[PDB]
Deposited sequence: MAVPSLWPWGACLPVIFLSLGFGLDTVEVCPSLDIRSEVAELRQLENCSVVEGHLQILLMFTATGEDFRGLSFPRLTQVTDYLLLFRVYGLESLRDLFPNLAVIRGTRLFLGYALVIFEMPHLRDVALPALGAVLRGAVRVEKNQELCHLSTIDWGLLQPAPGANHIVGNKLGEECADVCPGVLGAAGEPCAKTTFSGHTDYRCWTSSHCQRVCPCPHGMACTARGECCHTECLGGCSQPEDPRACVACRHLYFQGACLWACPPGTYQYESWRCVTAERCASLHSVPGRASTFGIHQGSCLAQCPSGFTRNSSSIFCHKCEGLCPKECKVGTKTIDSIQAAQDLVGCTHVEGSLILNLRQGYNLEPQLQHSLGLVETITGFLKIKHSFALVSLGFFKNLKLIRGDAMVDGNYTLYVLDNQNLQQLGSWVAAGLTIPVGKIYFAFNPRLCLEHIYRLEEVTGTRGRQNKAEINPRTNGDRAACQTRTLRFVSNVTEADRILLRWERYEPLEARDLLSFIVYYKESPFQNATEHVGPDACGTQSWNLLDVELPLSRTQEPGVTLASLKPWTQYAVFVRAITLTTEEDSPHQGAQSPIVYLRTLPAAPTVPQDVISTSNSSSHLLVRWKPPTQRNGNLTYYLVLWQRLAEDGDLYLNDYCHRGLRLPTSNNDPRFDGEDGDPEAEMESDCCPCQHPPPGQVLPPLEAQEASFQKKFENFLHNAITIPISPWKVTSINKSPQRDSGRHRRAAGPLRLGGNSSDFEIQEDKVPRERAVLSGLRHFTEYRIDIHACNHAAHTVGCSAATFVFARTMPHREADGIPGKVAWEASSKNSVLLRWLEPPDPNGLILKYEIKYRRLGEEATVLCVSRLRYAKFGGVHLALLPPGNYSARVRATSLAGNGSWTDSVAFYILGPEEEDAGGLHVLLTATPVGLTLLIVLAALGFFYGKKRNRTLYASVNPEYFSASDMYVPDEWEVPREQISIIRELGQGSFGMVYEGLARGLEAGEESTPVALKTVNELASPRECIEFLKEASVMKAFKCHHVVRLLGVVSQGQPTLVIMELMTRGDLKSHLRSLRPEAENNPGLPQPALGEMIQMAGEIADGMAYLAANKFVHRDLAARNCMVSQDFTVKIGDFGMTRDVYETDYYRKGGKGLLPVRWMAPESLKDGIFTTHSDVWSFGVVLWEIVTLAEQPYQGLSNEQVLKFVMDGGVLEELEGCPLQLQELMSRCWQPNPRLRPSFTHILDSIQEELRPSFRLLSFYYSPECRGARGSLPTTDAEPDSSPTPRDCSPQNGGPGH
């Protein structure tokens, strides 16, 4: 019945009293921030006549509210046309709340239900939103009281208050459905979407929530689809039109309800027609737009100071007022402004542009056509461009596109706006005799900048490893004085796309020589080898004469490439041995390729064992034997030291040409070395390479030391150990040295023992063995003895050999 628009209530229980004359809310109902409220105030407060909310219901921090069983005892239908971030029912941070208690709630047509952060509210898990919501899968009910902490008691089940009611399943829990401990959900047997009554018989289909009589559209308490004159209908009668997607009102009635921009397109009296539809003065029909929507925006004198300030005028076509641009802190604002401004076609007031240090061009007014100037600046000025430090192009809204009915233009203190553009604008405007001098006079605008940009062509280029010399043709300063100097912009551009005038570039001044020959030239230095550089030049040609054509000149962006140099040393060289005659090497590409990497030059050299291990006794002073490589591969002073030695290595180059260095070339970053000796150390040099036949050469070495795996039977003693007895209790035992041991042999451990007793061992060094060709045994009891021999090499212990038996008498 009553319109009752969307309303918000805060801070006062008395403020709640604006719902006495309310029946259905044509919006959203918000109740929030109730600090000075107790249970006594809410116990005696009720709104029984409220029965429908259109948009959504929000409750937030309403102190002292125990339950909603008294506030909304008849709230049946929540339309949910407009959603609070997708939620039609929000109950957030509500102390003293215990149960939702909406016994008369029939359905929620659209929207999710969010009930979060109510540490005292429970009695929620005992209800199903399936009968209420069409999709109760979007509900977000977390943070409340623990479900098992409170007993979700419905009037049935146990010895509760009284008569029970129906039970339903929501998420596999076929349990009783109850709102509170006294009132439970009204569930009646009939197909979905049909309100019922006290008798239980479900009413007419168009009914929603409840009804007074069965099978009667006029008896509905809330029309499901459309409402009109106490009747429920699928669509409005032909004499009416839809409103708020929930009621029917005549064209005049809905026109009065919105009392200029409202429209009734497609059977719906909306506040504004959507894109492509508009109306001006005819009957209230949103007809199709021709090619665009002529949106009209009204501002008195809108001052623009940034992109956001101009974002208000987006989509505007006819501006009813004046514009005052002032953009000093921005940068590259042309695209953003063109996004915001540029659909404007007519400006009723003046246009002014002051102190726009960031406005390179006025090209964001492409569709600007008319400046009527009904309201104009003091002194009778319509276009007022003043103090623009760098404004060159002035845009393309010229050549009969413009017309200015009344007022004069005023260009002052625009140094980089040469007078040809302003004179062209005056010519195409059609008003020339309206103004006078001192308004477009020179000495303030038109100097400095150029009008006709000439072209300077590079004559000579020389490229070095870290230096580029350029020479362009000499450009005479036309006018005699015309003090000029060139400025070269050079930057590092990996690709062949670059933009002029814009920082990223490197600027370098060059004064031209005073002669006819020896063109200006320039020598860029400190450039990385094999790097593409974008270079161009520009003439400054600043002059002070009154009437003179500036005619600045510049050059196209040209891309040059420096000569390649030797690359850096390979990094992280890892060597391993998976066999007794093979080596595997891996590494990483150099940190500075300095060209196109082609391959890696790998050299390996066999290293002879040091003479230290040869001539000395090893029966005493044992050492830690070397092990084969098994690497798993499947502060300021120190830094200065490494930096100095890196600078030393920077000048190191390599010409790609028991001790014999063997070389190979490997395309990938991994190498396999074969044909190596067993248990012999090798030094590996790895140099990254590129096109070095004509270049300085390959990189420097990154040598590592790798030892191959020992052989299993390289220590085996050839032949059989021989014996020679003597009459003086001594015996000589002779055995031949192994032919190819693991590097070298160290000692001989001979095991001898008399038959029956324990075993004895003896260590003999190489010199002692070679002195007599074997070992001597003396001062032993007579009898039959047995002896065994074994060789020991750098790899480790050898293999025992066949025993020899001798006799002593």
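Deposited-sequence segments unaccounted for in the coordinates: No C-alpha coordinates exist for 1-26, 286-290, 534-540, 673-702, 726-758, 911-1297.
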